[PDB]
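In: turn this into a model:
(2 chains, ligands or ions: 2)
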Amino acid sequence: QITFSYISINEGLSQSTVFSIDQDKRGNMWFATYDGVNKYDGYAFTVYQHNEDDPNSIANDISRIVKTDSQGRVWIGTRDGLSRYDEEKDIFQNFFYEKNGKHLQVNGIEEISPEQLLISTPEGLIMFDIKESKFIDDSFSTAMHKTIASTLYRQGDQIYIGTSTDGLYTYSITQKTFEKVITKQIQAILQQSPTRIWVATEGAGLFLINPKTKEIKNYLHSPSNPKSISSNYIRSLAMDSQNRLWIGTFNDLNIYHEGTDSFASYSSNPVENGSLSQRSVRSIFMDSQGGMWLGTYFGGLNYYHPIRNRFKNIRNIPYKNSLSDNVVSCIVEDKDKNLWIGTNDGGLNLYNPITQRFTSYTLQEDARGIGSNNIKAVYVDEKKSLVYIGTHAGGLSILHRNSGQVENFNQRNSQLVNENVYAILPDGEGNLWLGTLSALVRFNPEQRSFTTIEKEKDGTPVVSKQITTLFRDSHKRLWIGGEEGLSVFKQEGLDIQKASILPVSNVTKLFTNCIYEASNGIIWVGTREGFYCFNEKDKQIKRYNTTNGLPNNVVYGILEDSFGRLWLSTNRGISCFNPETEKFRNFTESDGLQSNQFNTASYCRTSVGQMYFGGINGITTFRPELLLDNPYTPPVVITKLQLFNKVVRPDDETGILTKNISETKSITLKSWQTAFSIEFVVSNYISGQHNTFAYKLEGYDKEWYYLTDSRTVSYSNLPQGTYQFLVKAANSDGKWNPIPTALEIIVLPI
Amino acid sequence: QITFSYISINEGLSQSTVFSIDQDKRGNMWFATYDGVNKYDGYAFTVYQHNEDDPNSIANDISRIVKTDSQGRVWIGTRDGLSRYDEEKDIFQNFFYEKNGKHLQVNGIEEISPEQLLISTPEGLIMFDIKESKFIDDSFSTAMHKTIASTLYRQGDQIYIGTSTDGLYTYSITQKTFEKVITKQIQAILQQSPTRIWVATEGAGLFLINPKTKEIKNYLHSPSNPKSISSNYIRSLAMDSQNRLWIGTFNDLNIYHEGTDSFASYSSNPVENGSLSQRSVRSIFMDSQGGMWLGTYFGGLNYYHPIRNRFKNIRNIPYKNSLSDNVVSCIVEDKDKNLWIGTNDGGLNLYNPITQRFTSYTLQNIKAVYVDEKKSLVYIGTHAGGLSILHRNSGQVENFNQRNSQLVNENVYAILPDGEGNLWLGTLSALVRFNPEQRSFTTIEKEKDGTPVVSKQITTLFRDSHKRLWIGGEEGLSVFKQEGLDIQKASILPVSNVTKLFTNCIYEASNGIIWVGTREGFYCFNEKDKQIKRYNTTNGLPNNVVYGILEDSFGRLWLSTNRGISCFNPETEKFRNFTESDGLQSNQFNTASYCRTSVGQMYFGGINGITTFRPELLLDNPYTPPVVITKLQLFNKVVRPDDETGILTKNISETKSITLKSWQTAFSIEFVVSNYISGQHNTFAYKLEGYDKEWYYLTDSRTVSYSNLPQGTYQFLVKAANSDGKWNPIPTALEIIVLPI
Ligand SMILES: CC(=O)N[C@@H]1[C@@H](O)[C@@H](O[C@@H]2OC(C(=O)O)=C[C@H](O)[C@H]2O)[C@@H](COS(=O)(=O)O)O[C@H]1O
Ligand SMILES: CC(=O)N[C@@H]1[C@@H](O)[C@H](O[C@@H]2OC(C(=O)O)=C[C@H](O)[C@H]2O)[C@@H](COS(=O)(=O)O)O[C@H]1O
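Out: Numbers count the residues shown, from 1 in each chain, chains lettered A, B, ... in the order given. Ligands and ions are numbered 1, 2, ... in the order given. The relevant structure is shown in the block below.
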């Protein structure tokens, strides 16, 4: 099971077609597009395009190839010619090879030595001297010089050359020999082992070559066999961290299996979300983290890493057997391990986690009508094979599972006092507690009667208030909560008496959403203004709000995993809370959730251990025990320095930088230079944009300082002296980079 | 046809539920959400939530109502009480009425005088004395004091009070009288005329009240009748600029029609795009521009303005009679007014503009389409396939390639008739002539005299009014004349490097000027004098890669690029750009994806569908609001009213002149314009008087930074231009005094 992330125009990409992908010594990703050259550092895009007035820009917007050498230098192949990105000066060095009047296009770049480069043109092959910054055309033999090369690939000593019609050739650097290997055009060359070389071709298919025996094996497409490759037109080959072949074709993605000798086809699917963005793959690259990048012709980019595969989403698909409405309320698991999902505008859904099937119930024009399509509460009478439904603006609905008939109760037909049932819980005696917007109602199922509660077990007037949630603890006590607040009760038969066990606090008068009893006996209550715990042993309440590390105050539901940690649904994502450390691990929509905003009663933990959180745009389901840790902690790269908000450039009038800010070890600031803001980045693609930075200015700052949403640090009016800036990198999972990034700052007298 | 714009969580809004909407003097929109109070100016949200460590933050996040009064003071109702946003100090003044140990919630706010407010609580009705910041509870008569009010609505002198169970009341400010007008909960009250009053109720439907006759008419929902209202549970009532009533209910939106006495139901539709975000409409408000704002319980906000309603998008709908693939190539209209639409991965599509019927052809990547109307044949050019002939009357397809026929290349990109009876075929290698009567392919290699034809990739073919052939591709462009079956190079273009550029399209304008679209901009050719003028991104073009050119009725041109559509006026050389946010299929468009019907309708395809519009039917935005200076920093530290810097005592928008001391050298000035029609597509013009030599223009940013200025008095000035390019003649002024050092 493999799903992709999407990076396209809306993400900051210049043009959808990604011809070539590479990574530099800094860790930044490089993408060659039909319109521009894109640099991605894990947070922001840096689009490089041609300027007619500025010579420092790239030669042309149409780039076709990108290759990084041994030294870490980035080389681009444009229509106008060759261009190198100078990191030190943050500029482009444009080179042109003019023949017969026009400058020739660069199709492929390959390294011969740290001082030499192999360049392929639509007219032949030429060598570029790096040290002399000039092209040499009188270096190759006549047969080699006029060879039209479509692809270039190096393996240690030998560089393999794929041509348009002449098949395959090889070139030794030491011996300087040009020999054939032995109709169509070659697009990609990749070697698995000294006995296995894979060759991608235009319509000729795939070829496995054993150069030791010179034996060849062809792979073609047949429409009858789905186990074969999808298309004969292939243009990209890559190896993953798990030592597997990745095949990018004109149609779909192919992955070779060693044992079965077959291929797995991964297609562009609009229905099943998470699938490939476009059908035509053109470039595949593995970063240092191991994450696979797929460059398509129209769909932008596709990222995949096993660790980032964390959350699964369940949404409505029109004209398909799927969820009815995206606005999800209560989720209840029965004895059959099925889920009774409630919705706001779609009715009641019955979902089988194995069979993927959905069974809906809606309002009918009079017998299978459920009163209202706005479900809030669900209870399963497993012994009687009945389901009790609580709907907003409808009342109580009783479903007979073995016939499908529905009994409806409201204010006009029955003695029910309120048509808005929000919570259903068994009394233990046989009846049911009904949490409505005005009062609490007891329902006798054997008598079909509604009893409004107005008195305690001593005749203490029960305030007519809003009831949204009901909970029964291990000590068989009833918990009643709503907007008015929380309350605790005992049950002396049918009568209820308030057992005041909570200490006097204004939190008992808070908008109550949910109550959960943890495995350690501690009671946890989630309200609209944070959440808290209740330890009855000593009678204490510890409150937890946003300034404690919580993403949002409005907590809709709490769930406990195998490790004792608590999972919370808010208006701004899901939070993982460890009561011992009192720390938070937060997840947002960008991490893979249905939406940052979640909904009331939309929390469910299965008997197996799976968690289900519903919101406004569907349900997010995951296994907290199965979630993978990110082991990668990349160094911090300082991307930008601004003086008085204006960006400091190398060799600019300020004269602070002559090298790039990334290259700079120390900066000297003159008397008139008082304000500056430093922006930094971390190249973590698994964690993505969820990273913690620790900064400190040695000599000025007393302690370290932490950043979770920001990346820029501003300082002003510093005293004279020599200071040091340090910055550490924590990933999403909380692992640190021990050795920080250091840039010295020298403040001159005033 | 009514379509909405979407504003929600991803747009910057704090929480999806919008209970009430209002607007302030400055033009900022105010939204009361279940979590926080949202302030929107047209560019960014300012979210106000509670802080336990700051007493100048809104008392509670749970906001129920927002109300702006006579003087433009913003009042919020929270679960803790009543809060006012002080504009002059950019703070929040929180007030709490305490009864029985608990602070009471404010459910509704109404203005009595510029010094008095009627406040409704879940326990009765109290008053708030503005000038004295105190609640007065012994002010009203015992009957009025204990009245649980659900909605408040003032009409001139009278304030109409809708209760939860006890019906409707009216309170005159002059006579201090409190009497019932004439069973369920009233949620909204609105007066259309002195004879027409609309009442929204919770489950009791809708009521039309004529107070002069005391006659009442009830409107209820009938499930069998789709003409009636959607639901009985109603909560919002608003009138638009065209004098129409907008009714927001628990289910769907209703719009009253005067003549038929019926209602138009607008539902939440996942299939049809542009529709309502969520079924339940909570609040409806009309801005100063006339645009309608709709607050939903779960979907956020829905904006509608007829002027902004420019584009209709046609996309692929799975399991539905629609477009096959969203990546669209060439589009051709036949004599039957129908559209032959080519796709990259869905084959070929036939579309009826009136019937909405789609017809898809699969293999069981189209790039060229030509219609033979006389023989009822359709010629198809495909990539990695060749040439395909379709008989419209049988449905049989005859396809040709390199392996079966004498065709040299399987990648046909352009088809154009030769005039004799044959067809020109533009392929990635050479040009081929195809005889339809003989079924033979002839590769062109020599000219009329015998000049060798270079093997280059051909992408486009064009015929002008003078019957000349135009050949364009990656190698460049070339002009030819026909001497029978032979062709001669007629070099009418002057010697220029523009001839050797990646060509995409050629179009002859009605005036006779030839327009060529390249990947490096576009240019015109006037044969009358043989002069070429180039236009690129520095001239005002959104992107250099031009895919298609079309002319409208006025003489303007419409161009598709990688960054939207541009409207070019050759007379003034001015550009009018459009992006995805304006309502396009996508910013990126595709090659050959341009079509103008005989009617005048334009069609542009891209990577995410097709966008259709009528350039003559497009409305201009006539609003040019003043610039409001949002924020001021000092060394990237935000300057606050009455702060330690001492620069601001009023708000930055309130302040007309500031004085900067010797050690206060660096600052940044943020500004905004509230144009909800133009959205985020605006142009700012700034200049500092006495320092800047000229005016400078901004389109992306709104922040201007200065540093180390000399001593003396300077004047900052800023103007506002809408998406259409209309200017605000009067600039916003802020005086800056720099002290000697
Ligand atoms: C470089 C290569 O192998 N093929 C070039 C490719 O662009 C050709 O056709 C395009 O193929 C694809 C694709 O998925 O790769 C998409 C387009 O639909 C199709 O045009 C042709 C055409 O190139 S063009 O300049 O984009 O028109 O050229 C091949 O060399
Ligand atoms: C104030 C009013 O007229 N009705 C209150 C409802 O807003 C609350 O229920 C929600 O109503 C709606 C809606 O479309 O307006 C959607 C949502 O699904 C319902 O739960 C109701 C309970 O309040 S709460 O939101 O649960 O806190 O109280 C009604 O009085």
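In: so residue A:39 is in which element?
Out: In this assignment (DSSP states H and E), residue A:39 forms part of strand A:37-40.
In: show residues contacting that strand.
Out: A:7, A:12-14, A:28-32, A:45-49, A:58, A:63, A:66, A:76 (C-beta atoms under 8 Å, 6 or more residues apart in numbering or on different chains). Where you see a C-beta, it was placed from the backbone N, CA and C, and this is true even at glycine.
In: for the residue lying closest to residue A:62 once chain neighbours are set aside, list the residues it contacts.
Out: Counting by C-beta to C-beta, 6 or more residues apart in numbering or on different chains, residue A:62 lies nearest to residue A:79, which is 4.5 Å off, once chain neighbours are set aside. Counting by C-beta under 8 Å, 6+ apart, residue A:79 touches A:59-60, A:62, A:64, A:105, B:502.
In: ok, which of those residues also contact ligand 1?
Out: Among the contacts of residue A:79, proximity to ligand 1 is found for none (C-beta under 6 Å from any ligand atom).
In: determine which two of those residues are furthest apart.
Out: A:59 and B:502 (14.4 Å; C-beta to C-beta).
In: output the set of residues of the stretch 551-700 of chain A in proximity to chain B.
Out: Residues of the stretch 551-700 of chain A found near chain B (C-beta under 8 Å from any C-beta of the partner chain) are A:552-554, A:571, A:589, A:595-597, A:616, A:643-646, A:672, A:674-675, A:677.
In: quick one, which of these are buried?
Out: Among these, the ones that count as buried by 16 or more other C-beta atoms under 10 Å in any protein chain shown are A:552-554, A:571, A:589, A:595-597, A:616, A:643-645, A:674-675, A:677.
In: near ligand 2, which residues of the stretch 401-550 of chain A?
Out: A:437, A:468.
In: need the strands for the stretch 401-550 of chain A, in chain order.
Out: Using DSSP state E, counting those that start in this stretch, the strands of the stretch 401-550 of chain A run over A:406-409, A:421-426, A:432-436, A:440-444, A:449-452, A:469-472, A:478-481, A:486-492, A:495-498, A:512-517, A:523-527, A:530-535, A:540-544.
In: dump those into CSV; add mean neighbour count as well.
Out: Shown next, in CSV, are these (neighbours: other C-beta atoms under 10 Å in any protein chain shown):
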stretch, mean neighbour count
strand A:406-409, 20
strand A:421-426, 22
strand A:432-436, 25
strand A:440-444, 21
strand A:449-452, 16
strand A:469-472, 20
strand A:478-481, 24
strand A:486-492, 18
strand A:495-498, 16
strand A:512-517, 22
strand A:523-527, 23
strand A:530-535, 20
strand A:540-544, 15
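In: so can I have a markdown table of those strands showing distance to chain B?
Out: Converted to a markdown table, the strands of the stretch 401-550 of chain A look like this (distance: least, C-beta to the nearest C-beta, whole Å):
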| stretch | distance to chain B |
| --- | --- |
| strand A:406-409 | 16 |
| strand A:421-426 | 16 |
| strand A:432-436 | 15 |
| strand A:440-444 | 19 |
| strand A:449-452 | 17 |
| strand A:469-472 | 17 |
| strand A:478-481 | 15 |
| strand A:486-492 | 14 |
| strand A:495-498 | 17 |
| strand A:512-517 | 12 |
| strand A:523-527 | 11 |
| strand A:530-535 | 10 |
| strand A:540-544 | 10 |
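In: hang on, residue A:601 packs against residue A:375?
Out: No: the criterion here is C-beta atoms under 8 Å, and residue A:601 misses it with residue A:375 at 9.5 Å.
In: joint contacts of those two?
Out: A:329-330, A:342.
In: now, which of the residues you listed sits nearest chain B?
Out: residue A:329 (11.0 Å; C-beta to the nearest C-beta).
In: neighbours of the closest one, how many?
Out: Using other C-beta atoms under 10 Å in any protein chain shown, residue A:329 is surrounded by 24 other residues.
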